[PDB]
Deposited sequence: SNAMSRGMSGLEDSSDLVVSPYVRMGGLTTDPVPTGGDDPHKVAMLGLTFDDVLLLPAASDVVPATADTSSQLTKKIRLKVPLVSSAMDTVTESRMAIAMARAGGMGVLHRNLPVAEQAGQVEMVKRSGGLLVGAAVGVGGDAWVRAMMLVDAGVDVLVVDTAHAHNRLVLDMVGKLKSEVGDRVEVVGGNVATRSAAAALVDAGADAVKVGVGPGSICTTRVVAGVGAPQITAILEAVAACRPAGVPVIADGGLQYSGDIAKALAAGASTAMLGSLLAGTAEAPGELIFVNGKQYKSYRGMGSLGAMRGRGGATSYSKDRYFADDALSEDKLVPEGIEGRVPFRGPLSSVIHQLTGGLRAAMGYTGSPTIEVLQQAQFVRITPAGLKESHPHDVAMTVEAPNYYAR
């Protein structure tokens, strides 16, 4: 027979990709009440966070105020690189002056990125994130390897982003201290549409973990998360931390401009590959928009960790390491409709559901 989906090559369509809305965690036998769950997890090989959450390296999400707030809440911020090197380094210093808090900073690849990285290290950064649209190439692997060789002793080096097992494996071989996963799932991202390229985020995590976990390298699940439950799903798929843009962009600490329209409150949120971000040869792979204002970061993080704690209680996971062993059930569109509230008019805002 021909392949059921066309042509004669069984490997042309190589797998079925799932994302967060395709799966649910199965409850299991539990001696863990949400209050007693330990939410700590490895950000990188050497760095463990109290709360397994980091803020996106975006000019509408993370600058010093967000980095400070995230660290105090037990996570970490990654300072964006859409600003001069001296300014990014200064923001690292600001976070460092606020109580020796952990902080990360994004860099690109090449000579200017090298100088940026060295200035960030001098400023006391804890984590360098080599942050690129496509990490599966010699330029990114060389950057990760060279950084580890030169400053690896004082700084952890993260590489990303990937969406496959082989790209995750290449980053592991280059010496990455963590691997960041996500090609296209971002709320403001058009990569999958403009280039046609990506992998659904749950499958991308499962695949990257298949390479990283046996090598003891933590995986950061970056993009596509919209609810506390999605964080539990990402970790159960094998990630060690989750990176958030949209969920944090509406908070007081995000550096986006505060917007008032139709008697409502918003903040700007835009892709770093949007036309506006690139200006402030490649065609854009993001859009510019706004998200509703969500109040203080601390309260958002509390709701997110609370949802994670519930998941740990339901699945009998005393630690994140046990949560990573939980099982999924795949669901249909009807299952998804059933999972959200349905057939009711919401009359009151919930702090963890809008």
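> Go through the deposited sequence from residue 1 and tell me which stretches lack C-alpha coordinates, in order.
Counting from residue 1, the stretches without coordinates are 1-30, 311-331, 406-407.
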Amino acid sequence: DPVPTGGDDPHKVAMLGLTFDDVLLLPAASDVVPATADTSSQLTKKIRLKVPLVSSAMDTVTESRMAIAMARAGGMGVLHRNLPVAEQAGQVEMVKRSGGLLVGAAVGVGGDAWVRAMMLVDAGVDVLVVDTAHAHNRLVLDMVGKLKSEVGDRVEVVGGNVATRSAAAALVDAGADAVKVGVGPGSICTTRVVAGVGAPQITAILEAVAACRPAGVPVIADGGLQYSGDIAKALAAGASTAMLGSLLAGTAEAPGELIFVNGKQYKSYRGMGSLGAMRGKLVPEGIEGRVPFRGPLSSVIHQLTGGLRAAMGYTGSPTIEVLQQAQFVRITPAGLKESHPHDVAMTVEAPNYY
From here on, numbers count along this sequence of modelled residues.
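What we label the rigid core is the largest C-alpha set whose atoms superpose within 1.5 Å from one form to the other.
> Taking RMS over all structures and residues, which stretch has CA atoms farther from the shown form in 8 other deposited structures of this protein, 263-271 or 249-257, after a rigid core fit?
Result of the core-fitted comparison in 8 other deposited structures of this protein: 249-257 deviates more.
> With the rigid core as the fit anchor, does 113-121 or 135-143 show bigger C-alpha shifts in 8 other deposited structures of this protein?
It is 135-143 whose C-alphas lie farther from the shown form in 8 other deposited structures of this protein.
> Look at the other compared PDB entries that model both sides of residue 281, then say whether a third or more of them leave it out.
Yes, residue 281 lacks coordinates in at least a third of the other compared entries that model both of its neighbours.
> As stated in the PDB record, which stretch has the larger average Cα B-factor, 51-59 or 281-289?
Result: 281-289.
> Which is higher on average in the deposited entry, the C-alpha temperature factors of 23-31 or of 294-302?
The entry gives the higher C-alpha B-factor average to 294-302.
> Identify, among 207, 222, 150, 177, the residue whose C-alpha carries the highest B-factor in the deposited PDB entry.
That would be 150.
> Highest Cα temperature factor in the entry, among the options 231, 243, 86, 193: which one is it?
The record points to 86.
> With respect to C-alpha B-factor, does residue 13 fall in the lowest, middle or highest third of the chain as deposited?
For residue 13, the deposited C-alpha B-factor lands in the middle third.
> Can you tell me which third, lowest, middle or highest, the CA B-factor of residue 164 falls into for its chain?
CA B-factor rank for residue 164: middle third.
> Please place residue 198 in the lowest, middle or highest third of its chain according to the CA B-factor in the PDB entry.
Its C-alpha B-factor belongs to the middle third of this chain's values.
> When the deposited Cα B-factors of this chain's modelled residues are ordered and cut into thirds, is residue 334 in the lowest, the middle or the highest one?
Middle third by C-alpha B-factor.
> Looking at the temperature factor on the CA atom of residue 44, which third of the chain's modelled residues does it land in?
CA B-factor rank for residue 44: middle third.
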